[PDB]
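Visitor: pasting the sequence and an experimental structure:
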Amino acid sequence: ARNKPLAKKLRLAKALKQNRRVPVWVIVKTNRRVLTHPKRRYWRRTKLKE
Amino acid sequence: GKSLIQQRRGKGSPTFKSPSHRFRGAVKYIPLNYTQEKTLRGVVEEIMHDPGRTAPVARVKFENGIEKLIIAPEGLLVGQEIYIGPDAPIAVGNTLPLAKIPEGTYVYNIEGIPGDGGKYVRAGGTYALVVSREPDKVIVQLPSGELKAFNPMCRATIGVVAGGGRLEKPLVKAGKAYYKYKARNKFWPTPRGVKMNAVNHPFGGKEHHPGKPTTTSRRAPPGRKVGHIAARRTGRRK
Amino acid sequence: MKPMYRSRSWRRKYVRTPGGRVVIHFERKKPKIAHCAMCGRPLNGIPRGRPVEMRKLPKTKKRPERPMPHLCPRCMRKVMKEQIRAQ
Amino acid sequence: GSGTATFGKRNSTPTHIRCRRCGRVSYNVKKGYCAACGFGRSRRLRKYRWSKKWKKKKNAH
RNA sequence: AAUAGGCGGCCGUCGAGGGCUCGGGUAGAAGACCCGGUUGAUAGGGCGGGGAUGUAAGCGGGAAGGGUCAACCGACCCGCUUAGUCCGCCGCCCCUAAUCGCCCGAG
RNA sequence: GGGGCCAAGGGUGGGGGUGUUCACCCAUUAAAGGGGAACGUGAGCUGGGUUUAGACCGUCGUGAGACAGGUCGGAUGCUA
RNA sequence: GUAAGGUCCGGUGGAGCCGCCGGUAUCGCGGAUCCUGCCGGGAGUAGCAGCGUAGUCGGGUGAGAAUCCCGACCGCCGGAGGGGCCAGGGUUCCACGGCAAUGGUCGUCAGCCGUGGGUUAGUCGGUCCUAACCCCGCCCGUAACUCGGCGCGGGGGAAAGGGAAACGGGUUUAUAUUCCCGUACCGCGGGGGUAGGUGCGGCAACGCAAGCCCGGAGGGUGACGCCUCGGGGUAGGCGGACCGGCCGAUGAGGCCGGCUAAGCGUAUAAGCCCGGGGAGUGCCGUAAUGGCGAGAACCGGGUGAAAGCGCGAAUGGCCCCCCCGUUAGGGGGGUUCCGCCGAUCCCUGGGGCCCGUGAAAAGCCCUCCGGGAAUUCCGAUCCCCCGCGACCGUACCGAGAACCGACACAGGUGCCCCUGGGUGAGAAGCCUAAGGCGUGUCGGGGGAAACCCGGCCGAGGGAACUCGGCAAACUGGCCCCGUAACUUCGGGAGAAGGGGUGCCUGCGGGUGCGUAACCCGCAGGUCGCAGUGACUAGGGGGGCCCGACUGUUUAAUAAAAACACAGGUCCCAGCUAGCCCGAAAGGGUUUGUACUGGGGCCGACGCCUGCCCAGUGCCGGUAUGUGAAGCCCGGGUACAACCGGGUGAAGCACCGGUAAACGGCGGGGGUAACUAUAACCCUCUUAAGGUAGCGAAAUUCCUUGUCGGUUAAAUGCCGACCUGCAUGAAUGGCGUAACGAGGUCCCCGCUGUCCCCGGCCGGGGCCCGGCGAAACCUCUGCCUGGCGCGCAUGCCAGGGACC
RNA sequence: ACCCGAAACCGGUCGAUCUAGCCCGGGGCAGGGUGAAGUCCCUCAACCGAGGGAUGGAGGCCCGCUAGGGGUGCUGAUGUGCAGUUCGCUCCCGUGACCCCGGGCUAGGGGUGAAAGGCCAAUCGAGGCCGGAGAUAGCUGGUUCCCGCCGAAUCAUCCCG
RNA sequence: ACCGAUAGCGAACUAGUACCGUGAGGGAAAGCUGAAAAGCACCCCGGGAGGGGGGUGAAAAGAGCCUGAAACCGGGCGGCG
RNA sequence: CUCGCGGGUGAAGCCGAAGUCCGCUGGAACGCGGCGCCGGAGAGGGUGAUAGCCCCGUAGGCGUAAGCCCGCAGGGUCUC
RNA sequence: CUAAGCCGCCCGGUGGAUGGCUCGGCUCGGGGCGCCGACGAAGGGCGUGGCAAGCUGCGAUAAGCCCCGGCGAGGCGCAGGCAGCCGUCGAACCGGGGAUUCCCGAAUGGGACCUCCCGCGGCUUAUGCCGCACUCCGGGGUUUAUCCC
Ligand SMILES: [Zn+2]
Ligand SMILES: [Zn+2]
């Protein structure tokens, strides 16, 4: 929305920062056992809890 | 079964609560201490229309700086002066104890108890007649035709309530009735119990007739006092 | 336009800019004129305007220079005559 | 009516928002209390014995 | 047609006879079927015949009037004009394309 | 004309009221026969009647309500 | 080994495993429309049509192009598919690099994957005020509470209500009323002056800089419904002249640009006011209503909006021209006027309606009272200047792909605000400018069928079709004439029915200064089958039933005769009432008071509403009978338990009113000019026997009652009779104008409903290249007579059958 | 109590973004027709009267694909749909009892209802969620290895049987 | 004398996590290379994904990694056709 | 009660025997055959196979600040 | 040398059963230990790593800071990488004691349609500090308001 409160904006910012892929160096360090995390999200498909 | 309209009205929901914020305020007399043993002058400043009152109302400013709202008697003039107290002259718009009002006079806004503010004869176009005066009671005939005894110190105003004859003209339209009843938030339109389901009304049923006499006992419990309640008789008196 | 400007409490004007683009300007409506306390007739010598315009003016430019500037001339003269006679 | 076309009117103010106390999105905003922890209606937490939700949090069920 | 037929011709023990490809419909949902394929009028193009509408654009004249009763404007009409346009019909002319090529095939 | 025999190749239609089958009637006709096929045929159709949920009238029942008594309205799925 | 099963050989595997005795157990699989996982046939099939059918030709990038990019052509929307923006979404926004997956096909493209970025405020919103309403504290109730509640005190509550202040140009890949330049405004504090403390002009309305600080009161403003109309403006639009440019014959002629913000200064209109003035066989005025001795005409004036005008401002924006043109740049011109139409956008006044009365506070302005300083002094609402102005949102879509509906859903939310030219009454239909799109995203082929959906036409007849004129067809705009029964006098009514309508050449008329603009007639000439030529655009009439009308209803099979309605009548209540919610406390009607509050029934309007109080219900009385506990008396108990009597309220019994309270309103015996039926009239029978009306009815079983009209033919509709199985007066009776997507019958006109079906157009179907499921499935799957759980592809005997 | 399946009943809690009602604050309805009350004027006579012409804009008025709202027929298309109610044509209202947004209140034997047992988040002749709960049924379905030996019964009395 | 990854607590693991509903509340799936990464250097082809040689290892056990069944599908072989 | 003294218990923790002997199979000995050893220790686990003696542990012992408790010595209160 | 088709064996793909393993569960006699919070709890929001998304741990001193003891050469969590730094002045790790400890939350000076905002008194030169909620107990002053301490 055009008008937002700061607390909601900060929570949305935290979710935005969370939504990213696993580092490639993490993948090689873990030997391909860790390839993803449960916080991956698609804006038009998976909606935020808020 | 299910509840009745009268049963649901007792819970004070907004569907039934009166909208007491569109109105101008209650019209009560000034405290009895001012009026008793003293007579106060007041000036009529404005006459206006109260959404739910059935009568016009007027603003009065008294010589002691107190402002009040009163039921305007018929023929009241803006800018005129009125008197409230035992020594007030007998004229329309004057308020004074029933002991000082001669018999055969029309009065309105009578106090049930000295200082209660007035309960009787407040509707538009109504008046009561002073019948007899005694040292311990004054008899007054009310609009309903009853002779009621009031304490001599009870206060009343001389004249008749403005707005009479309101029922001469028809409410031609369902919309006219709609606005009239929406002004005060009265349940409108109303249904017929005989056309409800048996769950809703004592007279409800597939057939649109009452299966029982419509005169209900005065001792019937809530949810059953429908129709003619404790009726002495019914029908047309010849 | 924004929902706030969709209200009819704003008067809207279409203007063309010196750069050639048409713009919509919104302004707040002016108040009514002062009315006599007693009879309610309009007063004289009291300009209309919102609080900022009223504060933009000096004291003597917003009311007439005669006693009882809140009444029209008949009412002013009548009240003074009554007061003098009573005194 | 009552079906697909009805769900298009879910663009108004949400019924429930985040709760400052329990952190769950159950704060009834119009009435002013939480439907999960009772914030804004009581000082003590809203806990019921017929509910296993508060046991699920600490794996104590 | 399980008694799964008769006959003339052509081939085999390299090879008759076909299919795809090509130009078109006496045919057609795919398949199938029919005519033509330089031993040529199959389609297109040109010309000529027969048709359907109904007299083109342009120019010249008239036109109820108006216009300074002048220049000019004017719906519409008459002549060149059985015109102009068009043809999922026919005839003549190899001018263009029906070419190059590929694959089963009994023993 | 009346009665009976052989004969099932062919024909046996169009209209008025009524949902009607049926029966009645009209003008023609050689005649305008009766029947079986899950009372042939709704993964062919139509939905007028029957037979839900709404409502009116008559009668019955104290009442809720009911009537092989009337009346208005009332859905017909398919890529073989 | 009968078997449940055991053991051995060949191969894979790489670390555990078994014989026997004795115990223990979540100890043995074919089914539960069993549960979990995986895979099959259907199947390379449906779908990728229908509501907007859109692409083609050259060039480019690229391994790869119907699908991506540029140019032209051809198209769609154009009162929305264009522009602005809430809620919701939360990075979807921007650039570069990409195509394993997503995208109904492909894809070099992307709301997709990787990398790096992006949201700047004293003025715009929140923040301030309060509205409906809500919360905490005290207090009362509750066993108690996180529970219910009146009163008092405090607080909150609107991002579309009230409410201090900013607009132009430019800038970035992405932000701008926020950043840069130019020009302003408000709040607070400060400095130098000045008006004033101690000042003036007007008969007056009024004109003025017109002392400072603290507290209080009053007035105004904030601050207000709906309908209707006049006046004054402004956006936008149109025609002409001139300047520059593009097309055109480098003709006529068409199109494109000719721009201008806040702020500052400045005036009138309506309204109202101020002085003079002294009218009537009356004058004055409006669109209209109207005004006058309670002061008209008329002559002077004051105050008072939107606007325009000057600065801002040309140095800015826009169009064009010239030289340098290898990139990269630099200069010169202009941007000026008249006449119309004109808003739904602004300002301002009239008038009308309410049994309907259409918010509050904050803030702001003025006046008046009290108090406090000021004289070589104090001191502004007036000029000049200086300093300071915190916190949070600010990207983007804003929807036929960025929201909700599981979806890049034909729905819903938001069409929430706004809209050039022609035709035209019109924001209608059609065409078109601006802006947008070719992504309502799979393409190609074809006489390439049948058949299905959506359209166009059909000779002769014209409803013969059908339950039923279902569907389609006829009429259709405007001008003129003309118009029935009935009626509640309003209407019916656009009844019905008839005539005209194009283009061209000239006149007359209305308002107007006008040969500006809009509108109204007249004459003449002329073409077609057709002149509202396309688009737009009623078919009509006559009976009956029901409901007065507008309105509401089962979201998702019922829109109706059902509900509501206005009007009628009945019942309770004088207020510590009546009715109602609760466990209580308290509370709704109640900021109320009989012209009121609450409870039933009928349902506009016209004429009317008859008899019955025995039954049931309700209301009043109640001398008397009965009548629980308690109390009293006697008996019994060293006291009680216990037994018998007396008094005994309500309620019953008894008595009386009450039917616009529930309901009921029959039956026999009969009778008058036959042998004709029926009963004016008498007699019993229960409380009394159905009165006015209506009647085979939406009620009538016999029933397709009987008679008359409608047809050639009438289980229909209409009128009548009354033998009303089983009508009837407020669960109203009868009638009724107007009204109706209500039910039903008939007539004109019309037509492919039908005789009797035939052609044509677009999309599917069909073929080809791609993506690609699901319902369903015991295994199978030819028939005639049969046996059979009585209706067999599978059994019996026969007949057929190449895949 | 061998295992599975009920409609239902009770307790405490969650819901008025859908939809019903009411309160507070706000946006919208092209164009045209008809012509109520009110207010008048003109001409001839005048013992009475007769004949014409205006102005004004009311209505739960009228036509209307304006916007917006509704849903009669085709019993059209679709009916593993675009869609767990949609699309086209036709049709009805369109100044009012009108349509729609923001803020509030009414909650389950309860609310709300122009009364259809309608609506109360795809759920209504008593909502949803967890708990009693592994409810109960005489009713339906299922119940897992092998070989040996013997091998029935549907009938007398009683039971709301 | 408990079960041994459909078992055992719902969760052997980034599990009361992901995800579903406005809400009260509901709630999964998913363990294993090798002794040691020695996790395939270099060569040919392909736009790339990959393919074929050649190496490592006792064994490809090759990360889609212990063993590798059944159903299903492609090919070869024997019989019928 | 502790200005004082001694003692017990008390965190991490410390010590704790015996083969990595020869030959084969093997990628790798914890395996097979032979020869030895400790044992208050042959519970269990790891280590490239199944190990009492390779390692960790085990049988059996040791240490420990703060804190807690008992005793000595001294200073007080109260009861009978 | 049969087209389609059916059965059997072999090889290959698909799939993840079986066998083996197990830092996880479940159940137990006995034994140990059992509260935290206004000196601000539990629970939650947001931050914090060079490359850092989840979990875990920590809190603007943010996979950590300081001190006294054990251990004795490696260490930088789940988690096998690049590059770096830490440690012999004794780290990592273990037991004990301290420091920092954002916001909401009984939440408390006053408010919550957004875990974010707005105030009043004293000290402080200023950077900044200590108080200010309700219902009571034991006291004081006084403004007699329950006003202040
Ligand atoms: Zn006045
Ligand atoms: Zn909470």
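Guide: Now that the structure is in, tell me what you want to look at. Numbering: from 1, shown residues only, chains lettered A, B, ... in the order given. Ligands and ions are numbered 1, 2, ... in the order given.

Visitor: do the longest helix seen in chain A and RNA strand G meet?
Guide: Determined from DSSP state H, the single longest helix within chain A is helix A:6-18. Yes: with CB under 7 Å from any atom of the strand as the measure, helix A:6-18 is seen reaching RNA strand G through A:6, A:9, A:12, A:15, A:16. (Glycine included, C-beta is placed from N, CA and C.)

Visitor: other SSEs contacting that helix?
Guide: Helix A:6-18 sits against no helix or strand, with contacts defined as 3 or more CB pairs under 8 Å, 6 or more residues apart in numbering or on different chains; DSSP states H and E.

Visitor: C-alpha coordinates for that helix, PDB please?
Guide: Presented in PDB, the C-alpha positions along helix A:6-18 are these (Å, rounded to 0.1, in the frame of the first residue of the first chain):
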ATOM      1  CA  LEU A   6       7.200   1.400  10.200                       C
ATOM      2  CA  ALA A   7       6.900  -1.900  12.100                       C
ATOM      3  CA  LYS A   8       5.100  -3.600   9.200                       C
ATOM      4  CA  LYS A   9       7.700  -2.200   6.800                       C
ATOM      5  CA  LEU A  10      10.500  -3.600   8.900                       C
ATOM      6  CA  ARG A  11       8.900  -7.000   9.100                       C
ATOM      7  CA  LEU A  12       8.500  -7.000   5.300                       C
ATOM      8  CA  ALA A  13      12.100  -6.000   4.900                       C
ATOM      9  CA  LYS A  14      13.200  -8.900   7.100                       C
ATOM     10  CA  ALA A  15      11.200 -11.300   4.900                       C
ATOM     11  CA  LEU A  16      12.700  -9.700   1.800                       C
ATOM     12  CA  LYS A  17      16.200 -10.200   3.100                       C
ATOM     13  CA  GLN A  18      15.300 -13.800   4.000                       C
END
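
Visitor: distance between it and the chain's centre?
Guide: On the basis of CA atoms, centre = their mean, to the nearest Å, the separation between the geometric centre of helix A:6-18 and that of its chain is 10 Å.

Visitor: that helix close to RNA strand H?
Guide: No: remark: helix A:6-18 sits outside contact range of RNA strand H, by CB under 7 Å from any atom of the strand, the gap being at least 14.7 Å.

Visitor: after that helix comes which helix or strand?
Guide: Along the chain past helix A:6-18, the next helix or strand (assigned with DSSP states H and E) turns out to be helix A:24-30.

Visitor: what sits up against that following helix?
Guide: Under the contact criterion CB atoms under 8 Å, 6 or more residues apart in numbering or on different chains, helix A:24-30 has outside partners A:34, A:35.

Visitor: now residue B:46: which helix or strand?
Guide: Here residue B:46 sits within strand B:40-49, counting by DSSP H and E.

Visitor: no further questions, thank you.
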